[PDB]
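A quick write-up on the structure given underneath.
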Amino acid sequence: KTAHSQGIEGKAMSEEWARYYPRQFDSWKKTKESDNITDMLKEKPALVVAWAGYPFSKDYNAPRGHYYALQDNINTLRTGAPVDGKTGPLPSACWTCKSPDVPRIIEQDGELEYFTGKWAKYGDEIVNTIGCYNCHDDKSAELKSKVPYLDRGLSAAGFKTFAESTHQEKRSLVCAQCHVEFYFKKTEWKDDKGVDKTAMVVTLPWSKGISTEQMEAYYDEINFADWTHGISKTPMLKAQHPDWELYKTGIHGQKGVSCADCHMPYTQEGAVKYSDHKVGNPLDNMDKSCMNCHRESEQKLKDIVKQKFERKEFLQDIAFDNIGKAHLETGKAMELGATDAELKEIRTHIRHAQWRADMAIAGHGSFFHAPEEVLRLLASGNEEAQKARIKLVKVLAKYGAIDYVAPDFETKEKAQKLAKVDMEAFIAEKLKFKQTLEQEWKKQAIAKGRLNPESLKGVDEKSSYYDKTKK
Ligand code: HEM
Ligand code: HEM
Ligand code: HEM
Ligand code: HEM
Ligand code: HEM
Ligand SMILES: O=S([O-])[O-]
Ligand SMILES: [Ca+2]
Ligand SMILES: [Y+2]
Ligand SMILES: [Y+2]
Ligand SMILES: [Y+2]
């Protein structure tokens with residue numbers, strides 16, 4: 001039994017746990033060290049074309065430390081510039097995987113209420129970043145999943161629920177609360193006051209299983225689209241960081257190595273074992289993360305991982321080049337008068353191409369967690385894109401444009417022009433929001449005692465559109 005067996009007052013604030021667990025608190029805070037903003041649209045402008053019509057064509061950066069999760073959720077151009085709790089582009093579900101205030105609010109408002117309304121609804125309540133309470137019971141300190149959709153997905157896929165799982169399984173499932181592919185299911189409900197409401201509920205598309213193809217079948221069966229492509233008008237699916245799903249296809253996952261084994265390695269100090277809570281790049285800490293199971297040098301292992309990254313990059317660039325061209329060629333065919341009927345098969349190929357390729361690349365560790373599945377997925381996605389392009393030549397020819405050359409999209413700026421993203425306008429609007437409503441949110445949360453200003457140190461120095469140069 002713990003020193004906090006009746007629970008922790010202010011449990012959503014990780015600082016409240018520090019008195020009991022100073023070591024884990026200290027290492028947990030060190031994800032502040034991982035402050036790099038890598039603008040993935042700048043690095044891979046083909047993604048802008050892939051995501052035309054979708055917020056990821058505005059702003060999409062690589063992950064950084066958990067310390068920044070909440071602030072990055074606020075800063076991303078994807079969440080736009082609300083003026084109040086009823087405005088802004090995105091729904092309340094966007095907080096879900098960013099904050100320990102999420103289970104706090106779910107446990108208080110209920111899941112459906114939590115999932116009802118705009119992201120801006122909770123701006124002055126959801127103010128702590130990924131914290132102890134996202135993964136731990138505040139009485140027993142045991143690992144817990146705090147979000148109902150995970151068990152729902154696990155059960156749908158025929159897996160054991162969190163509670164039914166082994167400890168070693170839980171050491172990955174706590175991560176899978178967030179590091180999974182999801183969609184928002186529009187969910188009609190009626191509250192305690194009999195008011196009809198609409199929730200957008202985080203849902204794991206796992207009822208046919210957790211392979212990319214099973215999820216593709218799932219989404220096709222329900223005719224789901226995350227958006228209609230801004231160039232090709234294809235019904236598109238967006239993959240989001242299927243880190244756990246793909247990790248399950250990989251040899252380490254198959255062998256029962258948990259996320260925590262690599263990302264939260266143990267340090268043994270006499271009779272006491274401590275987990276490193278600085279969740280980051282295991283390659284920064286290889287003696288602890290890798291070398292308990294692997295012999296021979298760190299450099300050789302690093303070199304092998306680099307080769308995996310390079311193979312993935314090679315296939316990713318091919319697949320997304322063909323995907324981008326297919327979108328653009330479809331847009332051209334549309335401009336010339338090609339009908340939806342004439343483009344239907346093409347669009348299905350593009351949807352599947354991009355679903356598979358996005359699923360391969362959307363988990364930034366998948367190239368390592370499941371290298372062979374990632375390569376197969378990129379190859380499969382590229383094949384679908386090329387089938388679309390072969391069919392597109394014929395449609396273009398029918399409309400007198402067989403010699404059409406899809407425009408180049410080799411810089412973010414050129415790609416964003418093709419995707420009709422006025423990023424300057426979005427940035428200007430965003431800055432106004434940050435300078436006004438965001439600061440009101442933080443001021444109110446501090447006044448109410450939901451937010452400790454200590455947690456804000458260095459948290460808002462960088463985004464894809466500013467860098468105060470300090471983080
Ligand atoms: C032990 C389980 C977990 C592992 C192994 C893990 C792994 C990671 C890693 C390696 C990163 C990038 C870190 C860096 O660049 O330095 C990251 C970022 C992120 N993780 Fe986790 N994670 C876990 C649990 C969670 C949970 C439970 C959530 C949701 C509550 C979550 C949400 C996120 C988010 C939102 C980011 C991006 C933060 C940002 O860019 O601001 N993770 N995670
Ligand atoms: C559409 C609503 C959401 C928004 C606006 C949002 C925003 C963000 C942002 C800004 C990042 C940092 C990287 C980037 O710039 O893209 C991020 C990363 C991440 N988000 Fe979300 N998020 C949303 C929904 C979710 C949900 C529901 C989950 C969990 C089920 C989740 C889990 C994660 C994870 C695990 C990462 C780090 C891994 C990665 O970026 O590949 N996010 N999110
Ligand atoms: C500052 C906030 C946190 C505190 C005070 C805390 C506390 C603890 C404690 C006391 C332990 C057991 C001793 C140890 O292995 O070090 C532990 C382990 C662990 N925690 Fe945390 N934790 C925090 C944040 C998190 C978060 C956010 C996650 C999930 C993303 C997480 C996931 C885990 C995992 C996977 C283990 C290993 C469990 C095991 O191997 O038995 N912790 N943590
Ligand atoms: C489902 C469980 C796991 C989750 C949620 C997870 C999460 C992540 C994430 C989000 C990244 C990308 C980090 C970034 O882009 O900044 C990553 C990369 C990586 N992970 Fe994992 N991981 C898991 C399992 C594992 C395991 C079991 C190992 C060791 C065998 C491992 C080792 C690595 C390595 C070597 C990288 C590449 C370096 C990096 O980008 O940080 N991961 N992981
Ligand atoms: C980030 C640290 C690690 C790195 C860089 C790493 C690297 C690798 C590589 C390159 C492979 C070949 C499989 C493939 O083609 O992807 C592999 C396999 C394997 N690794 Fe790791 N690994 C790490 C962590 C771990 C840990 C923590 C464990 C044990 C808890 C482990 C146990 C295994 C096992 C059992 C295999 C299957 C081959 C065999 O049976 O020996 N690895 N690892
Ligand atoms: O936007 S979140 O799912 O990466
Ligand atoms: Ca999705
Ligand atoms: Y306290
Ligand atoms: Y990173
Ligand atoms: Y392999």
Side-chain angles (χ1 to χ4, degrees), residues 38 40-41 43-47 49-51 56 60 62-63 172 175-176 179-181 205-206 208-220 236-257 259 262-263 281-283 289-290 293-294 300-327 348-390 410:
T38 300
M40 295 302 304
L41 304 182
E43 181 177 308
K44 300 293 190 190
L47 295 178
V49 177
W51 296 324
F56 281 69
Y60 171 59
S172 295
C175 312
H179 283 272
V180 287
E181 148 67 12
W206 291 359
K208 298 187 182 291
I210 59 160
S211 79
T212 293
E213 291 77 24
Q214 286 163 159
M215 296 189 217
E216 193 181 89
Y218 173 108
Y219 283 128
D220 285 352
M236 301 300 292
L237 300 166
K238 185 71 189 82
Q240 286 95 346
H241 43 67
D243 307 306
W244 183 86
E245 298 95 319
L246 266 66
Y247 143 90
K248 281 275 154 193
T249 62
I251 189 148
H252 285 103
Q254 283 168 318
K255 295 299 182 82
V257 182
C259 315
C262 298
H263 287 280
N281 185 337
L283 304 178
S289 297
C290 310
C293 308
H294 293 286
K300 288 180 179 59
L301 219 51
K302 279 181 174 178
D303 290 349
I304 286 161
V305 175
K306 181 177 178 309
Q307 291 160 34
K308 299 187 186 295
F309 183 76
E310 292 169 348
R311 284 196 280 271
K312 179 275 294 186
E313 287 281 292
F314 173 71
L315 294 189
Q316 169 174 171
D317 287 346
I318 287 166
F320 279 92
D321 194 42
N322 291 320
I323 287 162
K325 290 173 180 179
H327 285 297
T348 296
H349 289 304
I350 291 170
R351 167 188 173 90
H352 289 162
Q354 187 168 315
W355 171 246
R356 292 165 199 188
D358 204 7
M359 278 291 287
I361 71 161
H364 291 276
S366 299
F367 77 92
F368 168 79
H369 305 143
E372 290 163 42
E373 178 61 2
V374 166
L375 299 182
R376 193 202 62 79
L377 282 169
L378 287 167
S380 181
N382 187 238
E383 170 62 0
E384 287 299 307
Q386 293 286 240
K387 284 175 170 178
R389 294 193 61 228
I390 290 167
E410 85 288 353

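In what follows, residues are counted from 1 in the order of the sequence shown.
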* Would you please test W355 and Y219 for ring-ring contact (aromatic ring centres under 6.0 Å, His included) and show each step? => CA-CA 10 Å; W355 171 246; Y219 283 128; 5.4 Å; yes
Please report the closest heavy-atom contact between [X] and [Y], naming both atoms and the distance.
X: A239; Y: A362; answer: O-CB, 3.7 Å
X: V257; Y: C262; answer: CG1-SG, 4.2 Å
X: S380; Y: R356; answer: OG-NH1, 2.9 Å
X: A353; Y: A385; answer: CB-N, 3.5 Å
X: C259; Y: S172; answer: N-OG, 2.9 Å
X: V374; Y: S366; answer: CG2-O, 3.3 Å

Hey, could you give me the [atom1]/[atom2] distance between [X] and [Y], rounded to the nearest 0.5 Å?
X: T249; Y: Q254; atom1: OG1; atom2: CD; value: 7.0 Å
X: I251; Y: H369; atom1: CD1; atom2: NE2; value: 14.5 Å
X: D317; Y: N322; atom1: CG; atom2: CG; value: 11.0 Å
X: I318; Y: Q386; atom1: CD1; atom2: CD; value: 9.0 Å
X: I361; Y: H241; atom1: CD1; atom2: NE2; value: 13.0 Å
X: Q316; Y: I323; atom1: CD; atom2: CD1; value: 9.5 Å

Can you find a pair of side-chain heavy atoms, one from [X] and one from [Y], that are under 4.5 Å apart?
X: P371; Y: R311; answer: no
X: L47; Y: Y60; answer: yes
X: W51; Y: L41; answer: yes

* To do: Hey, can you tell me if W244 and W206 have their rings parallel, tilted or perpendicular (30° and 60° cut-offs)?
  =>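 The arrangement is parallel - the two ring planes meet at less than 30°.
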* Do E245 and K248 sit within salt-bridge range, that is, some charged N less than 4.0 Å from a carboxylate O? ->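 No.
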* Any ion pair linking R376 and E383 (charged N to carboxylate O, less than 4.0 Å)? ->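 No, this pair does not count.
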* Indicate yes or no for a side-chain donor-acceptor contact from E181 to the backbone of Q240 under 3.5 Å, with no hydrogens or angles considered. =>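 Looks like yes, one N/O pair under 3.5 Å.
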* Worked verdict on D243 versus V180 for side-chain contact (heavy atoms from CB on, under 4.5 Å) -> CA-CA 6 Å; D243 307 306; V180 287; over 6 Å; no
* To do: Please check if atom CD in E372 has more than 12 non-hydrogen atoms from other residues, nucleotides or ligands closer than 6.0 Å.
  =>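 Incorrect, the count does not exceed 12.
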* To do: For the pair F368 and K312, evaluate side-chain contact (heavy atoms from CB on, under 4.5 Å) and give the outcome as yes or no after the intermediate values.
  => CA-CA 9 Å; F368 168 79; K312 179 275 294 186; over 6 Å; no
* Please step through side-chain contact (heavy atoms from CB on, under 4.5 Å) for the pair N382 and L315, ending with a clear verdict. => CA-CA 8 Å; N382 187 238; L315 294 189; over 6 Å; no
* **side chain to side chain donor-acceptor pair (under 3.5 Å) partner of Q354, chosen from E384, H349, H327, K238** =>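 Between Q354 and the candidates, side chain to side chain donor-acceptor pair (under 3.5 Å) is satisfied uniquely by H327.
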* Measure from NZ or CZ of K44 to the centre of the six-membered ring of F320, then state whether that distance is under 6.0 Å and the direction lies within 45° of the axis. =>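 The answer is no; the distance or angle limit is not met.
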* To do: Might you work through the side-chain hydrogen bond (donor to acceptor under 3.5 Å, both in side chains) test for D220 and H352, ending with a clear yes or no?
  => CA-CA 10 Å; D220 285 352; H352 289 162; 2.6 Å; yes
* **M359 and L246: CA distance, side-chain angles, deciding distance, side-chain contact (heavy atoms from CB on, under 4.5 Å) verdict** => CA-CA 9 Å; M359 278 291 287; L246 266 66; 3.9 Å; yes
* Asked: Is the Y247 to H179 ring centre distance short of 6.0 Å?
  ->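 No, ring centres 6.0 Å or more apart.
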